[PDB]
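Next up, structure tokens for two forms of one chain, structure 1 and then structure 2.
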Structure 1
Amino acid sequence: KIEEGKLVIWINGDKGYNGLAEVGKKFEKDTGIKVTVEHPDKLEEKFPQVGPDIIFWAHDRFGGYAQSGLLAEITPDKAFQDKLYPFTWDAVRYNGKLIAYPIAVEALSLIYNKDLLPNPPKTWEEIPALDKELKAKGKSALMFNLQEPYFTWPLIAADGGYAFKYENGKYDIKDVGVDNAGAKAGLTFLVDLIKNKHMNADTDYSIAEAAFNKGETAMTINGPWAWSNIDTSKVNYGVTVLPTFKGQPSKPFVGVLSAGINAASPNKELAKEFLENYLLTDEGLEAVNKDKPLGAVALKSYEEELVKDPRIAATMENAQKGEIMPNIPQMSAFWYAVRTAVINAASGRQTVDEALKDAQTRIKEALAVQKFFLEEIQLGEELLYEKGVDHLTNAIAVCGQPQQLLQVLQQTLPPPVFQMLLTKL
């Protein structure tokens, strides 16, 4: 339960929640206001029904919440806004409005074996000639997870690929950038690396991880979650900017850990105080970071301390150049479609032109049917009378797997018309 005059905060169990509680203790000591930090299971699933004053989560989940009116519009002090990197505020916009405070950023980087490769390539275009040189030493230039588009997208996006178009704190779900010239150029380059034997279509996460950590390949592409394993390996590794393609940066997907204020909270001013005046400060972020590292942070002054570790600076440089993950549920359709596209193209079964054509179709069709399905059901629920079993049957005709739906339809409402329903199937 939310109560006036205290704060309850949720953050996931993998983050520095004891450090966050220390910030909370400071806050309580100065203000008298009790701050309770929790890390519930399924917190991001529970928020919409019963939630706390403040929630910390990846920004992309917050679009759903905002679509439902569940987040307060944040109203940051004017000089404070300039204290965070501008691109981070773009991760916390929904329908043009600020709906959370950004805290930290995460993206892929290029990770390289400094002994094998003292001069990591600035361009993707250099990698074929480098691989040929390394192969003459029993080694390879690059291995990374080719199976998941999260990993291959940075290259595909570089010359102009994008998921959905972002402009003035909004995404246009009609404007999908999967089959444009830039996406084709990048996926062509990837496919070509494989046809020319510089990478293997079956390389996945485990295989690339083990190869880099055994000193068999000079580069991999991965995120901060992978550093600890490389530490154990003793490889003399560096983390740096991704190579450019056609003179443009690789654009990894960026996740931004963000803090949202519950629209239902009677403590919104206190939440702001906590977040702006206590948490998003050198001392506040230090407290969290000491407990469990935040990675690269949104607060410039503290990021400037953290980049003593050059790996953090690399995360940030790649994030600044990357594509913020769109905070809209239409992204689910993007991932399924592109995953297939890249696999088929990397295999040789489809042209690049054709795989990305399929993917763009898939995305358009899935979004249309999802809408159609809701719309047809709403005409359905206006049978209070029928009329709308034809509409219901239209919605059912669309579902590949209608058993689950047929169940609940037998509930609401009348068996005589469930009967009718059955007729049309």
Structure 2
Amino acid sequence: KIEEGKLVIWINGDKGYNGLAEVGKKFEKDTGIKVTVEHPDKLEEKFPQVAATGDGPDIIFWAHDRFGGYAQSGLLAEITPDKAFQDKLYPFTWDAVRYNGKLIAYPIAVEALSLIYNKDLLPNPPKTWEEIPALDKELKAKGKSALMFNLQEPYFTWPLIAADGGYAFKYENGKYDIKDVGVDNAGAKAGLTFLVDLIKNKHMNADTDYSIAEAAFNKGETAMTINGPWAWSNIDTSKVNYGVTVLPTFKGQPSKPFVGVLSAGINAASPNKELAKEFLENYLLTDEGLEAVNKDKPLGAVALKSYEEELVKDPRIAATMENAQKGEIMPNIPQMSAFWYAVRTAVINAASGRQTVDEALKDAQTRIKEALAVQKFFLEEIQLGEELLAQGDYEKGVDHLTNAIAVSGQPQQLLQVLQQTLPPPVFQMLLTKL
């Protein structure tokens, strides 16, 4: 069951994973259960691949938006906290991790992007995106720049795209309408057009990523960046005199960050589920466990009420909640992964000049719709095939299964499984339809 009596933990490399290891060390000394904290690249994409074969980590930390996909694939254990435990965390944080009637993770912290600014270069931060070009020109004559932030992940560019009306999936009357995608509307195009104009007018570079922007801010070379609470401890070390504030408006509208609840899920494949539960409830989600993580890299506004009451007068936390309140909670629905992959490509293509903004966003909308149409078709044709076979209509069953095969990511493995599931002459019939 890879493995044994230890916990492997995956968490992103921008989080306080060393502080999480200290909590793990403590758990190991009270318990004999060794804890290993890892931060693989692209873990949020790795996990479903590896968990679907029955391995990967015992525990996975990510923002709640990925977890309904993982859950709908059966990759996550149900969590079952007792009454007392439930009451210790904020209800709305539990809502971010409730999927099809079950809790599928523990909430840890509420994350939103803020504007971070260097008070020695910009004692008053801009109110508006539209003020940035002029500040940048002024700062350029002094050998500095106004703003650098990660352009390679769409999470960072979302606040601006969404400001004037962009959205992912329409939410209305208690559900998402996955047919109603907001990536390609005029508000989304205005925001992304403003971003591309910043680049064209040399106020930003299309290839800036997390590290380039972090270095430039932490060394005093750019007056502003856009980042989450996790970034604050490196800025503390750098000695920059910084503030954390409300993101600027665009066309008189607030920037609208996507809000994430950092969450800890348990792999359905783990043979260590009770131990993971013990670690999360009795070690991590306590004032001291969160403090150990937070002092390594800040979590933001935490889901544990008792620790969060310690945090509320930190102006950086006030700015985080203010931005979060102008923003929107990410959906946790399985279709979010198609959304992010389409949007990432669009923003990169537009920023680098490989596509126009109009074209980049149209193709994004198209690619979301197609990916979801193909998924629905695969699943329906699988089901239809199985239902026909179970009623004895062998050829029509096989025909549907062949439709499923033609669109599958793994047609050879599907062929292998079907050789084991079908009577040999029904398998022979299937081979003639390939």
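In this text, the rigid core denotes the largest set of C-alpha atoms whose superposition between the two forms falls within 1.5 Å. Every residue number counts along structure 1's sequence, beginning with 1.
**Q** After the core is overlaid between structures 1 and 2, has the C-alpha of residue 81 moved by 2 angstroms or more?
**A** The answer is yes, as the C-alpha of residue 81 shifts between structures 1 and 2 by 2 Å or more after core alignment.
**Q** Would you say whether residue 138 is displaced between structures 1 and 2, judging by a C-alpha shift of 2 Å or more on the superposed rigid core?
**A** Not so; residue 138 is displaced by less than 2 Å.
**Q** Please work out, using C-alpha superpositions, how far the smaller rigid part turns between structures 1 and 2, and give the answer in whole degrees.
**A** Comparing the two forms, the minor rigid body swings through 46 degrees.
**Q** Quick one: CA shift at residue 23 between structures 1 and 2, core fit, Å?
**A** It moves 16.6 Å at the C-alpha.
**Q** Rigid-core fit: what Cα movement does residue 319 have between structures 1 and 2, in Å to one decimal?
**A** Its C-alpha shift, to one decimal, is 0.1 Å.
**Q** By how many angstrom does residue 293 shift at its CA between structures 1 and 2 when the core is held fixed?
**A** A shift of 6.3 Å.
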